[PDB]
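One chain comes next, on its own, written as structure tokens: the form deposited in one PDB entry.
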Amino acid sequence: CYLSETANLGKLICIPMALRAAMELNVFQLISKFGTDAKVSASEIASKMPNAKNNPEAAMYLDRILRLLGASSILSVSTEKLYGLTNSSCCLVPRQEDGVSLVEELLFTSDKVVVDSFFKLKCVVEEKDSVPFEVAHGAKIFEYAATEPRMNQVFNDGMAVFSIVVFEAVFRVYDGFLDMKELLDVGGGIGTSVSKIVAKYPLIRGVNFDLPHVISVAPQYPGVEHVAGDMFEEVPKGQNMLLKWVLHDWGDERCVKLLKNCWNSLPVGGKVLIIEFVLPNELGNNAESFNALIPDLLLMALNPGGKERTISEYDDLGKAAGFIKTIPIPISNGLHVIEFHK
């Protein structure tokens, strides 16, 4: 049965690298500009690639990429074959309104800096206190970002664009921003998250807090103030705080130190909102499971102590930091807002 399983196992590396090429060639957007329901040939797609205009062989090469994605349910195939979008590939078309899609976050998670870290993944099992990213690059990820402007941009934009589709889901379910007057986004990246909160809740004075190397490249957003610092040393005073995709980067002791910094900088009656994909109690072949397992594997490779957590585990961190009423609010497919009250 070797030669049945050669297909099942040997496709695993090929599919993501074919997807990355298709994203870099803007294939999904090019299909969409014929119409979202269009079914178009490799040569019709290539005709919209100015870089391919002197390459007679472009379409045949492109067809070889696309037919693999068609066999892998990323594109529809119909009888030169014609390719169309699927539910998955519609999420790779920059929206006509604002350019948002999953492309930036998927370009980050399959970036060479990440894949080179995954090549050292076995180190975390064999060697005490080793970090695959460190073994691969000779510095930790946030130190690396400070010296590597390309990686800094890919990572920051991955987080920022992904943040937009996350907050659209949050705002459909969660109303806890109403009546806030000030929000501090702790480890807020380039400030996109707090920009979207202020757009929905125009009375909030938004403050975005991150490392110098991130704040110095952040765009100016209406109703957002940027502040640079180090959240483990101290956090600015704020009436309310957000920690999105921060606690999952760090081990328990670092999380408790950060959360105690937050507690000291909140007023009586203030809250910190944790937004994370929560690890469910039973894992299976479903979105809730993979939405947690994907960043669980990435953080195991990328940063010391990083991991995904259950509701009980987030509650234990907040209680160790002095917070007293944990309120977990499911949003979508494992994404939660977890309120910690001071």
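Numbering starts at 1 and follows the sequence shown. Take the two forms, superpose them, and find the largest set of C-alpha atoms that agree within 1.5 Å; that set is the rigid core.
According to the record, no deposited residue between residue 220 and residue 221 is left without atomic coordinates.
Averaged over CA atoms, B-factors in the entry run higher in 80-88 than in the other of 80-88 and 254-262.
Taking the mean C-alpha B-factor of each stretch as recorded, 325-333 and 21-29 are not equal, and the higher mean is that of 325-333. Annotation for 297, 60, 49, 65: 49 ranks highest, by Cα B-factor. Within the selection 230, 185, 127, 111, the deposited Cα B-factor values reach their highest point at 127.
Residue 283 sits in the highest third of its chain by CA B factor, as recorded in the PDB entry. Per the deposited record, the Cα B-factor of residue 53 falls in the highest third when ranked against the other modelled residues of its chain. Among all modelled residues in this chain, the alpha-carbon of residue 38 has a temperature factor (C-alpha) in the highest third.
Remark: residue 93 belongs to the lowest third of its chain, ranked by C-alpha B-factor as recorded. In the PDB entry, residue 308 places in the lowest third of its chain by CA B-factor.
Heads up, the form deposited in another entry isn't pictured, but that's what we're talking about next.
Residue shifts between this form and the one not shown, rigid core superposed: of 108, 171, 263, 118, the only C-alpha displaced by 2 Å or more belongs to 263. Once the cores line up, the CA of residue 91 ends up less than 2 angstroms apart between this form and the one not shown. After superposition on the rigid core, the Cα atom of residue 321 is displaced by 2 Å or more between this form and the one not shown. A displacement of less than 2 angstroms separates the C-alpha positions of residue 132 between this form and the one not shown, with the rigid core held in common.
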